[PDB]
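In our numbering, the protein residues as written are 171 to 313.
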């Protein structure tokens, strides 16, 4: 199987949790075409800020397992000035739900070569593969 880290935000994480669906835009459809049942997904929410202006640092909020083959569905379950529906999807099921800050893990993460400019490894990506080592590290801290 393959391990993945999916990049979303807090508003969408709620939808993901309620609908058991992971979706991506057309640009990233090729990456999704590689996803298979049994693959594991690490859910990551990017850095944001509440309505009061306070900074909400990035963090991992859960681990899911893929249960379906990739398919297309334009239903409007997600929330984006744009109207992205994230039509390319795979069904999923939760394995573990809990949050841990992401930054403290940067140094120990293999897939992150450039620690100073780690954003480089997330830039313009919906999801990316995770070496097994990285997954296990995250799985433990999330048990």
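Note that CB positions come from ideal geometry on N, CA and C, so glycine has one too.
- About 15 Å separates the CB atoms of residue 185 and residue 211; that is not less than 8 Å, and the two are not in contact.
- Pairing residue 264 with residue 189, the inter-Cα distance amounts to about 11 Å.
- For the options 214, 238, 303 and 217, the alpha carbon positioned closest to that of residue 202 is the one of 238.
- Residue environment: residue 205 is assigned as buried (16 or more neighbouring CB atoms within 10 Å of its CB, all protein chains considered).
- A contact between stretches requires three or more CB pairs, one per stretch, nearer than 8 Å, and the segment 217-231 fails this requirement with the segment 277-284.
- Where residue 214 is concerned, the enclosing beta strand (DSSP E) starts and stops at 210-215.
- As the crow flies, the alpha-carbon of residue 241 is around 37 Å from that of residue 224.
- Nearest to residue 304 by C-alpha distance, out of 182, 259, 178 and 275, is 275.
- A direct Cα-Cα distance of roughly 32 Å separates residue 244 from residue 308.
- Between residue 312 and residue 262 a beta carbon distance of about 16 Å is seen, past the 8 Å cut, so the two are scored as non-contacting.
- Sequence-distant Cβ neighbours of residue 229 in its own chain, meaning closer than 8 Å and more than five residues away, are 214, 215, 269, 270, 271 and 272.
- Put simply, the backbone Cα of residue 200 is about 16 Å away from that of residue 207.
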